[PDB]
């Protein structure tokens, strides 16, 4: 039966003053082909690329994506990194050079064994209109809004097969 509400709450402590300005800054996903990933996240989901880092010795690049106004990205390089890495709710996409041409290689999405990570989730003003647009753009769906018993809630998949939940906060008060 899992925890009651009260039991769950008893397991929680109020935050220590030392953690007062902490923020949940990023979730990192490895991506096979950064070309396909950047197109998906900016053109399909409307995020902005806010920072790109290359490491030639380790052979990887990092791409920071966020729902930010690109007008707010600062022009100087040092201040740009500090602002990008102080933004809440970024997605960090790691590209290990070479994966895009390797026909055997693919990453795992965490939704089959071995499982752990499940999905990221985008809050939208309207799941039906978002998902209609998605359909028109050729996006691959895991669960259309009306499929299954959780009506009004959908999952799509990025080019790597990672799941993305599409949810409408103003409607979710309709199941427990």
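Residue numbers count along the first chain shown, from 1.
Stretches 149-157 and 11-19 differ in mean CA B factor, with 149-157 having the higher one. Looking at 30-38 and 139-147 together, the entry lists the larger mean B-factor for 139-147, computed on C-alpha atoms. Ranking 105, 90, 94, 86 by the C-alpha B-factor listed in the PDB entry places 105 at the top. Among all modelled residues in its chain, residue 67 ranks in the lowest third by Cα B-factor. The entry lists a Cα temperature factor for residue 115 that places it in the lowest third of the chain's modelled residues.
When the modelled residues of the chain are ordered by their C-alpha B factor, residue 133 lands in the middle third.
Residue 49 sits in the lowest third of its chain by CA B factor, as recorded in the PDB entry.
Compared with the other modelled residues of the chain, the Cα B-factor recorded for residue 124 ranks in the middle third.
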